[PDB]
$ cat start-v4.cif   # mmCIF, N, CA, C and O atoms
data_model
#
loop_
_atom_site.label_atom_id
_atom_site.label_comp_id
_atom_site.auth_asym_id
_atom_site.auth_seq_id
_atom_site.Cartn_x
_atom_site.Cartn_y
_atom_site.Cartn_z
N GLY V 1 97.83 -11.18 28.41
CA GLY V 1 98.70 -10.75 29.49
C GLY V 1 100.09 -11.35 29.40
O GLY V 1 100.95 -10.83 28.69
N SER V 2 100.31 -12.44 30.13
CA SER V 2 101.60 -13.11 30.13
C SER V 2 101.74 -14.03 28.92
O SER V 2 102.66 -13.87 28.11
N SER V 3 100.82 -14.98 28.80
CA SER V 3 100.85 -15.92 27.69
C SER V 3 100.47 -15.24 26.38
O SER V 3 99.65 -14.32 26.36
N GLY V 4 101.07 -15.68 25.28
CA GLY V 4 100.79 -15.10 23.99
C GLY V 4 100.31 -16.13 22.98
O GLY V 4 99.29 -16.79 23.19
N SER V 5 101.04 -16.27 21.88
CA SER V 5 100.69 -17.22 20.84
C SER V 5 101.41 -18.55 21.04
O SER V 5 102.50 -18.59 21.60
N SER V 6 100.79 -19.63 20.58
CA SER V 6 101.37 -20.96 20.72
C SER V 6 102.85 -20.95 20.35
O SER V 6 103.32 -20.04 19.66
N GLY V 7 103.58 -21.96 20.82
CA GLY V 7 105.00 -22.04 20.53
C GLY V 7 105.85 -21.86 21.76
O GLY V 7 106.57 -22.78 22.17
N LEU V 8 105.78 -20.68 22.36
CA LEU V 8 106.56 -20.38 23.56
C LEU V 8 105.99 -21.11 24.77
O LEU V 8 106.65 -21.22 25.81
N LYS V 9 104.77 -21.61 24.64
CA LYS V 9 104.12 -22.34 25.72
C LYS V 9 105.07 -23.34 26.36
O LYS V 9 105.01 -23.59 27.56
N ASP V 10 105.96 -23.91 25.55
CA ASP V 10 106.93 -24.88 26.04
C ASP V 10 108.16 -24.18 26.61
O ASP V 10 108.85 -24.73 27.47
N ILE V 11 108.42 -22.97 26.13
CA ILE V 11 109.57 -22.20 26.60
C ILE V 11 109.45 -21.88 28.08
O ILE V 11 110.36 -22.16 28.86
N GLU V 12 108.31 -21.31 28.47
CA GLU V 12 108.08 -20.96 29.87
C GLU V 12 108.37 -22.14 30.78
O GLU V 12 108.96 -21.98 31.86
N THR V 13 107.97 -23.33 30.35
CA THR V 13 108.19 -24.55 31.13
C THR V 13 109.67 -24.77 31.40
O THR V 13 110.05 -25.43 32.36
N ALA V 14 110.51 -24.22 30.53
CA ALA V 14 111.95 -24.35 30.67
C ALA V 14 112.54 -23.20 31.47
O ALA V 14 113.69 -23.26 31.91
N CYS V 15 111.74 -22.16 31.68
CA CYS V 15 112.18 -20.99 32.43
C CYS V 15 111.72 -21.08 33.88
O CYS V 15 112.16 -20.30 34.73
N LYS V 16 110.84 -22.03 34.16
CA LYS V 16 110.32 -22.22 35.51
C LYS V 16 111.39 -22.82 36.43
O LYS V 16 111.69 -22.27 37.49
N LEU V 17 111.95 -23.95 36.01
CA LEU V 17 112.98 -24.62 36.79
C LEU V 17 114.33 -23.92 36.64
O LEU V 17 115.30 -24.25 37.32
N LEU V 18 114.38 -22.94 35.74
CA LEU V 18 115.61 -22.18 35.51
C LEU V 18 115.53 -20.80 36.14
O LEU V 18 116.55 -20.14 36.36
N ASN V 19 114.31 -20.36 36.45
CA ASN V 19 114.10 -19.06 37.06
C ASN V 19 114.66 -17.94 36.18
O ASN V 19 115.28 -17.00 36.68
N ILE V 20 114.43 -18.06 34.88
CA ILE V 20 114.91 -17.06 33.93
C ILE V 20 113.76 -16.45 33.14
O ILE V 20 112.59 -16.77 33.38
N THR V 21 114.09 -15.57 32.20
CA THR V 21 113.08 -14.91 31.38
C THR V 21 112.94 -15.60 30.03
O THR V 21 113.93 -15.93 29.38
N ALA V 22 111.70 -15.82 29.61
CA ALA V 22 111.42 -16.47 28.34
C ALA V 22 112.25 -15.85 27.22
O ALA V 22 112.61 -16.52 26.25
N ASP V 23 112.53 -14.56 27.35
CA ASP V 23 113.31 -13.84 26.34
C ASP V 23 114.80 -14.12 26.51
O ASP V 23 115.40 -13.83 27.54
N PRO V 24 115.41 -14.70 25.46
CA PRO V 24 116.84 -15.03 25.47
C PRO V 24 117.73 -13.79 25.43
O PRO V 24 118.82 -13.77 25.99
N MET V 25 117.24 -12.74 24.76
CA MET V 25 117.99 -11.50 24.65
C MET V 25 118.01 -10.76 25.98
O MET V 25 118.68 -9.73 26.12
N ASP V 26 117.28 -11.28 26.95
CA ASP V 26 117.21 -10.67 28.28
C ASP V 26 118.01 -11.48 29.29
O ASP V 26 118.19 -11.06 30.43
N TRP V 27 118.49 -12.64 28.86
CA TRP V 27 119.27 -13.51 29.74
C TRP V 27 120.42 -12.75 30.39
O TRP V 27 121.43 -12.46 29.74
N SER V 28 120.26 -12.42 31.66
CA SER V 28 121.28 -11.68 32.40
C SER V 28 121.06 -11.81 33.90
O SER V 28 119.96 -12.09 34.38
N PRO V 29 122.14 -11.60 34.68
CA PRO V 29 123.45 -11.26 34.12
C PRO V 29 124.09 -12.44 33.39
O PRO V 29 124.59 -12.29 32.28
N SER V 30 124.06 -13.61 34.02
CA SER V 30 124.64 -14.81 33.43
C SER V 30 123.59 -15.90 33.27
O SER V 30 123.87 -17.09 33.43
N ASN V 31 122.36 -15.49 32.96
CA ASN V 31 121.26 -16.43 32.79
C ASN V 31 121.57 -17.43 31.68
O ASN V 31 121.16 -18.58 31.73
N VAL V 32 122.30 -16.97 30.66
CA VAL V 32 122.67 -17.82 29.54
C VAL V 32 123.13 -19.19 30.02
O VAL V 32 122.71 -20.22 29.48
N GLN V 33 123.99 -19.20 31.03
CA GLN V 33 124.50 -20.45 31.59
C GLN V 33 123.36 -21.42 31.90
O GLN V 33 123.49 -22.63 31.71
N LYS V 34 122.25 -20.87 32.39
CA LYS V 34 121.09 -21.69 32.73
C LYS V 34 120.48 -22.32 31.48
O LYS V 34 120.27 -23.53 31.44
N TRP V 35 120.22 -21.50 30.48
CA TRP V 35 119.64 -21.98 29.23
C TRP V 35 120.57 -22.97 28.54
O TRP V 35 120.15 -23.76 27.69
N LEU V 36 121.85 -22.92 28.91
CA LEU V 36 122.85 -23.81 28.32
C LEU V 36 122.79 -25.19 28.97
O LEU V 36 122.39 -26.17 28.34
N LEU V 37 123.20 -25.26 30.24
CA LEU V 37 123.19 -26.52 30.97
C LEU V 37 121.85 -27.22 30.84
O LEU V 37 121.76 -28.44 30.97
N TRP V 38 120.80 -26.44 30.58
CA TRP V 38 119.46 -26.99 30.43
C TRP V 38 119.39 -27.94 29.24
O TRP V 38 119.32 -29.16 29.41
N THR V 39 119.41 -27.38 28.04
CA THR V 39 119.35 -28.18 26.82
C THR V 39 120.61 -29.02 26.65
O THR V 39 120.56 -30.12 26.10
N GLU V 40 121.74 -28.50 27.14
CA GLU V 40 123.01 -29.21 27.04
C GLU V 40 122.89 -30.62 27.61
O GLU V 40 123.58 -31.54 27.18
N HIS V 41 122.00 -30.79 28.59
CA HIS V 41 121.79 -32.09 29.22
C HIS V 41 120.71 -32.88 28.48
O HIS V 41 120.59 -34.09 28.65
N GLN V 42 119.94 -32.19 27.65
CA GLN V 42 118.87 -32.83 26.89
C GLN V 42 119.38 -33.28 25.52
O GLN V 42 118.73 -34.07 24.84
N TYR V 43 120.55 -32.78 25.13
CA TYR V 43 121.14 -33.13 23.85
C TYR V 43 122.52 -33.75 24.04
O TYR V 43 123.20 -34.10 23.07
N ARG V 44 122.93 -33.89 25.29
CA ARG V 44 124.23 -34.47 25.61
C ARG V 44 125.36 -33.65 24.99
O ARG V 44 126.29 -34.20 24.40
N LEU V 45 125.27 -32.33 25.12
CA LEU V 45 126.28 -31.44 24.57
C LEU V 45 127.38 -31.16 25.59
O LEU V 45 127.17 -31.28 26.80
N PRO V 46 128.56 -30.78 25.10
CA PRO V 46 129.71 -30.47 25.95
C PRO V 46 129.52 -29.18 26.74
O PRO V 46 128.58 -28.42 26.52
N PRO V 47 130.43 -28.93 27.70
CA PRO V 47 130.38 -27.73 28.54
C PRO V 47 130.70 -26.46 27.76
O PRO V 47 131.86 -26.18 27.46
N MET V 48 129.66 -25.70 27.44
CA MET V 48 129.83 -24.45 26.69
C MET V 48 129.87 -23.26 27.64
O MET V 48 130.44 -22.22 27.31
N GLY V 49 129.25 -23.41 28.80
CA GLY V 49 129.22 -22.33 29.78
C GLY V 49 130.54 -21.57 29.84
O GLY V 49 130.55 -20.36 30.05
N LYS V 50 131.64 -22.29 29.66
CA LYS V 50 132.96 -21.68 29.69
C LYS V 50 133.21 -20.85 28.44
O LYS V 50 133.83 -19.78 28.50
N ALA V 51 132.73 -21.34 27.30
CA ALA V 51 132.90 -20.64 26.04
C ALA V 51 131.94 -19.46 25.93
O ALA V 51 132.25 -18.45 25.30
N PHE V 52 130.78 -19.59 26.56
CA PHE V 52 129.78 -18.53 26.53
C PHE V 52 129.77 -17.75 27.85
O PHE V 52 129.00 -16.81 28.02
N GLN V 53 130.64 -18.16 28.77
CA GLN V 53 130.74 -17.50 30.07
C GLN V 53 130.70 -15.98 29.92
O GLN V 53 130.10 -15.29 30.73
N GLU V 54 131.33 -15.48 28.86
CA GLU V 54 131.37 -14.05 28.61
C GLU V 54 130.14 -13.60 27.81
O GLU V 54 129.72 -12.45 27.89
N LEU V 55 129.58 -14.53 27.04
CA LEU V 55 128.40 -14.24 26.23
C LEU V 55 127.18 -14.01 27.11
O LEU V 55 127.08 -14.55 28.21
N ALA V 56 126.25 -13.20 26.62
CA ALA V 56 125.03 -12.90 27.36
C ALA V 56 123.79 -13.17 26.51
O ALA V 56 123.89 -13.64 25.37
N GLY V 57 122.62 -12.87 27.06
CA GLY V 57 121.38 -13.09 26.34
C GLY V 57 121.37 -12.42 24.98
O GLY V 57 121.13 -13.06 23.96
N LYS V 58 121.64 -11.12 24.96
CA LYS V 58 121.66 -10.35 23.72
C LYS V 58 122.65 -10.96 22.73
O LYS V 58 122.28 -11.30 21.61
N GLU V 59 123.90 -11.10 23.15
CA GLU V 59 124.94 -11.67 22.30
C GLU V 59 124.45 -12.94 21.62
O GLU V 59 124.28 -12.98 20.40
N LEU V 60 124.21 -13.98 22.42
CA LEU V 60 123.74 -15.25 21.90
C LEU V 60 122.76 -15.04 20.75
O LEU V 60 122.98 -15.51 19.63
N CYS V 61 121.67 -14.33 21.03
CA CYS V 61 120.66 -14.05 20.02
C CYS V 61 121.22 -13.17 18.91
O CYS V 61 120.76 -13.23 17.77
N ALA V 62 122.22 -12.36 19.25
CA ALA V 62 122.84 -11.47 18.28
C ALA V 62 123.90 -12.21 17.46
O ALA V 62 124.43 -11.67 16.49
N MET V 63 124.20 -13.44 17.86
CA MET V 63 125.20 -14.25 17.17
C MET V 63 124.57 -15.01 16.00
O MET V 63 123.37 -14.87 15.73
N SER V 64 125.38 -15.81 15.32
CA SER V 64 124.90 -16.59 14.18
C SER V 64 125.28 -18.06 14.33
O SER V 64 126.31 -18.38 14.93
N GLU V 65 124.45 -18.94 13.78
CA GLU V 65 124.71 -20.37 13.85
C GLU V 65 126.20 -20.66 13.80
O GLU V 65 126.77 -21.22 14.74
N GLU V 66 126.84 -20.28 12.70
CA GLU V 66 128.27 -20.50 12.53
C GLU V 66 129.04 -20.07 13.77
O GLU V 66 129.95 -20.76 14.22
N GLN V 67 128.67 -18.92 14.32
CA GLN V 67 129.32 -18.39 15.51
C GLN V 67 129.23 -19.38 16.67
O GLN V 67 130.22 -19.67 17.34
N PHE V 68 128.03 -19.90 16.90
CA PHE V 68 127.80 -20.86 17.98
C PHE V 68 128.65 -22.11 17.78
O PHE V 68 128.97 -22.81 18.74
N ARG V 69 129.01 -22.38 16.53
CA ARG V 69 129.82 -23.55 16.21
C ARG V 69 131.31 -23.23 16.35
O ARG V 69 132.13 -24.14 16.48
N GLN V 70 131.64 -21.95 16.32
CA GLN V 70 133.03 -21.51 16.44
C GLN V 70 133.55 -21.74 17.86
O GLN V 70 134.75 -21.88 18.07
N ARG V 71 132.63 -21.79 18.82
CA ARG V 71 132.99 -22.00 20.21
C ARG V 71 132.67 -23.43 20.65
O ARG V 71 133.34 -23.99 21.52
N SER V 72 131.64 -24.01 20.04
CA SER V 72 131.23 -25.37 20.37
C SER V 72 130.97 -26.18 19.10
O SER V 72 129.91 -26.08 18.48
N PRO V 73 131.96 -27.00 18.71
CA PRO V 73 131.86 -27.84 17.52
C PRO V 73 130.85 -28.97 17.69
O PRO V 73 130.01 -29.20 16.82
N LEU V 74 130.95 -29.68 18.80
CA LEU V 74 130.05 -30.80 19.09
C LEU V 74 128.61 -30.31 19.20
O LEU V 74 127.67 -31.08 19.01
N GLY V 75 128.44 -29.03 19.50
CA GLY V 75 127.11 -28.47 19.63
C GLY V 75 126.84 -27.38 18.61
O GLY V 75 126.28 -27.64 17.55
N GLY V 76 127.25 -26.15 18.94
CA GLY V 76 127.03 -25.04 18.03
C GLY V 76 125.63 -25.02 17.45
O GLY V 76 124.71 -24.46 18.06
N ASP V 77 125.47 -25.62 16.28
CA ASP V 77 124.17 -25.67 15.62
C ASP V 77 123.06 -25.91 16.63
O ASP V 77 121.97 -25.35 16.51
N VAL V 78 123.34 -26.75 17.63
CA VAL V 78 122.36 -27.06 18.66
C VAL V 78 121.90 -25.80 19.38
O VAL V 78 120.70 -25.56 19.53
N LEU V 79 122.85 -25.00 19.83
CA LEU V 79 122.55 -23.76 20.54
C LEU V 79 121.74 -22.82 19.66
O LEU V 79 120.60 -22.47 19.99
N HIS V 80 122.33 -22.41 18.54
CA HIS V 80 121.66 -21.50 17.61
C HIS V 80 120.30 -22.06 17.20
O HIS V 80 119.42 -21.31 16.77
N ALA V 81 120.13 -23.37 17.34
CA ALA V 81 118.88 -24.02 16.98
C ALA V 81 117.86 -23.91 18.12
O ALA V 81 116.84 -23.24 17.99
N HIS V 82 118.15 -24.59 19.23
CA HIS V 82 117.26 -24.57 20.38
C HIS V 82 116.99 -23.14 20.84
O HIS V 82 116.08 -22.90 21.63
N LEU V 83 117.79 -22.21 20.34
CA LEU V 83 117.64 -20.80 20.70
C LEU V 83 116.62 -20.12 19.79
O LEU V 83 115.78 -19.35 20.26
N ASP V 84 116.71 -20.40 18.50
CA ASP V 84 115.80 -19.81 17.52
C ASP V 84 114.37 -19.79 18.06
O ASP V 84 113.66 -18.79 17.93
N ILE V 85 113.95 -20.90 18.66
CA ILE V 85 112.61 -21.01 19.22
C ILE V 85 112.35 -19.91 20.24
O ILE V 85 111.25 -19.37 20.30
N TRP V 86 113.36 -19.59 21.03
CA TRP V 86 113.24 -18.55 22.05
C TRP V 86 113.24 -17.16 21.41
O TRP V 86 112.23 -16.45 21.46
N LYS V 87 114.36 -16.79 20.82
CA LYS V 87 114.49 -15.49 20.17
C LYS V 87 113.28 -15.20 19.29
O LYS V 87 112.77 -14.08 19.28
N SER V 88 112.83 -16.21 18.56
CA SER V 88 111.68 -16.06 17.67
C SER V 88 110.44 -15.66 18.46
O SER V 88 109.69 -14.78 18.05
N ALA V 89 110.23 -16.33 19.59
CA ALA V 89 109.07 -16.05 20.43
C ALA V 89 109.26 -14.74 21.19
O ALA V 89 108.29 -14.08 21.56
N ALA V 90 110.51 -14.37 21.42
CA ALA V 90 110.83 -13.13 22.14
C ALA V 90 110.74 -11.93 21.22
O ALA V 90 110.66 -10.79 21.68
N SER V 91 110.76 -12.18 19.91
CA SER V 91 110.69 -11.11 18.92
C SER V 91 109.24 -10.80 18.55
O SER V 91 108.94 -10.50 17.40
N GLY V 92 108.36 -10.89 19.54
CA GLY V 92 106.95 -10.62 19.30
C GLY V 92 106.24 -11.79 18.63
O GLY V 92 106.84 -12.54 17.87
N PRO V 93 104.94 -11.94 18.92
CA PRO V 93 104.13 -13.01 18.36
C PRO V 93 103.87 -12.82 16.86
O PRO V 93 103.96 -13.77 16.08
N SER V 94 103.56 -11.59 16.47
CA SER V 94 103.30 -11.28 15.07
C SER V 94 104.33 -10.30 14.53
O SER V 94 104.97 -10.56 13.51
N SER V 95 104.49 -9.17 15.21
CA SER V 95 105.44 -8.15 14.79
C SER V 95 106.33 -7.73 15.96
O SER V 95 105.84 -7.43 17.05
N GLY V 96 107.64 -7.71 15.73
CA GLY V 96 108.58 -7.32 16.76
C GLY V 96 110.02 -7.37 16.30
O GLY V 96 110.42 -6.58 15.44
#
$ encode --input "start-v4.cif" --output "structure tokens"
Amino acid sequence: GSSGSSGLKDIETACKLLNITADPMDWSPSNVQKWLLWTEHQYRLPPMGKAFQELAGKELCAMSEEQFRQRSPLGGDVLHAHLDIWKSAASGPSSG
């Protein structure tokens, strides 16, 4: 039903206090900001919300590591990284 294959089990836990969707490509309207300030505080990253303020769930996932670094040098890789886990789980458990 709701739960699928191991891995995202930890993702949902991050969407509970954020009230967002496990799927990063669905982050809207400005859910991205939530997924940002979340890990941003767990990795001590700078304020990206302003750089991604225009970016959305789809975009973020549609972007590339380098891209995430083009807006956030101190982080970048961090975003595209902590995100992979989401997008990966959102892209179906086996096929998607």
$ closest_residue --input "start-v4.cif" --among "V:44, V:26, V:71, V:76" --to "residue 56 (chain V)" --atoms "only C-alpha atoms"
V:26
$ closest_residue --input "start-v4.cif" --among "V:74, V:45, V:36, V:25" --to "residue 57 (chain V)" --atoms "only N, CA, C and O atoms"
V:25
$ residues_around --input "start-v4.cif" --residues "residue 18 (chain V)" --least-positions-apart "3" --cutoff "7 Å" --atoms "only N, CA, C and O atoms" --output "PDB file with N, CA, C and O atoms, in the coordinates of the input"
ATOM      1  N   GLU V  12     108.310 -21.310  28.470  1.00  0.00           N
ATOM      2  CA  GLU V  12     108.080 -20.960  29.870  1.00  0.00           C
ATOM      3  C   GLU V  12     108.370 -22.140  30.780  1.00  0.00           C
ATOM      4  O   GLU V  12     108.960 -21.980  31.860  1.00  0.00           O
ATOM      5  N   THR V  13     107.970 -23.330  30.350  1.00  0.00           N
ATOM      6  CA  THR V  13     108.190 -24.550  31.130  1.00  0.00           C
ATOM      7  C   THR V  13     109.670 -24.770  31.400  1.00  0.00           C
ATOM      8  O   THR V  13     110.050 -25.430  32.360  1.00  0.00           O
ATOM      9  N   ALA V  14     110.510 -24.220  30.530  1.00  0.00           N
ATOM     10  CA  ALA V  14     111.950 -24.350  30.670  1.00  0.00           C
ATOM     11  C   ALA V  14     112.540 -23.200  31.470  1.00  0.00           C
ATOM     12  O   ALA V  14     113.690 -23.260  31.910  1.00  0.00           O
ATOM     13  N   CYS V  15     111.740 -22.160  31.680  1.00  0.00           N
ATOM     14  CA  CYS V  15     112.180 -20.990  32.430  1.00  0.00           C
ATOM     15  C   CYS V  15     111.720 -21.080  33.880  1.00  0.00           C
ATOM     16  O   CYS V  15     112.160 -20.300  34.730  1.00  0.00           O
ATOM     17  N   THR V  21     114.090 -15.570  32.200  1.00  0.00           N
ATOM     18  CA  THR V  21     113.080 -14.910  31.380  1.00  0.00           C
ATOM     19  C   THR V  21     112.940 -15.600  30.030  1.00  0.00           C
ATOM     20  O   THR V  21     113.930 -15.930  29.380  1.00  0.00           O
ATOM     21  N   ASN V  31     122.360 -15.490  32.960  1.00  0.00           N
ATOM     22  CA  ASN V  31     121.260 -16.430  32.790  1.00  0.00           C
ATOM     23  C   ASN V  31     121.570 -17.430  31.680  1.00  0.00           C
ATOM     24  O   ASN V  31     121.160 -18.580  31.730  1.00  0.00           O
ATOM     25  N   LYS V  34     122.250 -20.870  32.390  1.00  0.00           N
ATOM     26  CA  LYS V  34     121.090 -21.690  32.730  1.00  0.00           C
ATOM     27  C   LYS V  34     120.480 -22.320  31.480  1.00  0.00           C
ATOM     28  O   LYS V  34     120.270 -23.530  31.440  1.00  0.00           O
ATOM     29  N   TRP V  35     120.220 -21.500  30.480  1.00  0.00           N
ATOM     30  CA  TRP V  35     119.640 -21.980  29.230  1.00  0.00           C
ATOM     31  C   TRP V  35     120.570 -22.970  28.540  1.00  0.00           C
ATOM     32  O   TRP V  35     120.150 -23.760  27.690  1.00  0.00           O
TER      33      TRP V  35
END
$ closest_residue --input "start-v4.cif" --among "V:51, V:63, V:9, V:58" --to "residue 23 (chain V)" --atoms "all atoms listed in the file"
V:58
$ residues_near_point --input "start-v4.cif" --point "(125.6, -29.1, 30.6)" --cutoff "12 Å" --atoms "only C-alpha atoms" --output "VMD selection string"
chain V and resid 32 to 50 75 79
$ write_last_selection --input "start-v4.cif" --atoms "N, CA, C and O atoms" --output "short mmCIF file (atom, residue, chain, number, x, y, z; two decimals), in the coordinates of the input"
data_model
loop_
_atom_site.label_atom_id
_atom_site.label_comp_id
_atom_site.auth_asym_id
_atom_site.auth_seq_id
_atom_site.Cartn_x
_atom_site.Cartn_y
_atom_site.Cartn_z
N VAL V 32 122.30 -16.97 30.66
CA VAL V 32 122.67 -17.82 29.54
C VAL V 32 123.13 -19.19 30.02
O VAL V 32 122.71 -20.22 29.48
N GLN V 33 123.99 -19.20 31.03
CA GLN V 33 124.50 -20.45 31.59
C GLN V 33 123.36 -21.42 31.90
O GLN V 33 123.49 -22.63 31.71
N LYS V 34 122.25 -20.87 32.39
CA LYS V 34 121.09 -21.69 32.73
C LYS V 34 120.48 -22.32 31.48
O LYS V 34 120.27 -23.53 31.44
N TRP V 35 120.22 -21.50 30.48
CA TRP V 35 119.64 -21.98 29.23
C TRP V 35 120.57 -22.97 28.54
O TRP V 35 120.15 -23.76 27.69
N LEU V 36 121.85 -22.92 28.91
CA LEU V 36 122.85 -23.81 28.32
C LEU V 36 122.79 -25.19 28.97
O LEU V 36 122.39 -26.17 28.34
N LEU V 37 123.20 -25.26 30.24
CA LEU V 37 123.19 -26.52 30.97
C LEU V 37 121.85 -27.22 30.84
O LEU V 37 121.76 -28.44 30.97
N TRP V 38 120.80 -26.44 30.58
CA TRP V 38 119.46 -26.99 30.43
C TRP V 38 119.39 -27.94 29.24
O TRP V 38 119.32 -29.16 29.41
N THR V 39 119.41 -27.38 28.04
CA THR V 39 119.35 -28.18 26.82
C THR V 39 120.61 -29.02 26.65
O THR V 39 120.56 -30.12 26.10
N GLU V 40 121.74 -28.50 27.14
CA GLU V 40 123.01 -29.21 27.04
C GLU V 40 122.89 -30.62 27.61
O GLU V 40 123.58 -31.54 27.18
N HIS V 41 122.00 -30.79 28.59
CA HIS V 41 121.79 -32.09 29.22
C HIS V 41 120.71 -32.88 28.48
O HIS V 41 120.59 -34.09 28.65
N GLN V 42 119.94 -32.19 27.65
CA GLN V 42 118.87 -32.83 26.89
C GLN V 42 119.38 -33.28 25.52
O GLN V 42 118.73 -34.07 24.84
N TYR V 43 120.55 -32.78 25.13
CA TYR V 43 121.14 -33.13 23.85
C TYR V 43 122.52 -33.75 24.04
O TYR V 43 123.20 -34.10 23.07
N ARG V 44 122.93 -33.89 25.29
CA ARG V 44 124.23 -34.47 25.61
C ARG V 44 125.36 -33.65 24.99
O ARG V 44 126.29 -34.20 24.40
N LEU V 45 125.27 -32.33 25.12
CA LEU V 45 126.28 -31.44 24.57
C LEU V 45 127.38 -31.16 25.59
O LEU V 45 127.17 -31.28 26.80
N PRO V 46 128.56 -30.78 25.10
CA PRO V 46 129.71 -30.47 25.95
C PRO V 46 129.52 -29.18 26.74
O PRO V 46 128.58 -28.42 26.52
N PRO V 47 130.43 -28.93 27.70
CA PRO V 47 130.38 -27.73 28.54
C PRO V 47 130.70 -26.46 27.76
O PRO V 47 131.86 -26.18 27.46
N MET V 48 129.66 -25.70 27.44
CA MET V 48 129.83 -24.45 26.69
C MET V 48 129.87 -23.26 27.64
O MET V 48 130.44 -22.22 27.31
N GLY V 49 129.25 -23.41 28.80
CA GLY V 49 129.22 -22.33 29.78
C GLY V 49 130.54 -21.57 29.84
O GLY V 49 130.55 -20.36 30.05
N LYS V 50 131.64 -22.29 29.66
CA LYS V 50 132.96 -21.68 29.69
C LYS V 50 133.21 -20.85 28.44
O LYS V 50 133.83 -19.78 28.50
N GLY V 75 128.44 -29.03 19.50
CA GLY V 75 127.11 -28.47 19.63
C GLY V 75 126.84 -27.38 18.61
O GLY V 75 126.28 -27.64 17.55
N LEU V 79 122.85 -25.00 19.83
CA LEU V 79 122.55 -23.76 20.54
C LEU V 79 121.74 -22.82 19.66
O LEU V 79 120.60 -22.47 19.99
#
$ closest_residue --input "start-v4.cif" --among "V:78, V:73, V:2, V:84" --to "residue 61 (chain V)" --atoms "only N, CA, C and O atoms"
V:84
$ atom_distance --input "start-v4.cif" --atom1 "CA of residue 4 (chain V)" --atom2 "CA of residue 65 (chain V)"
26.5 Å
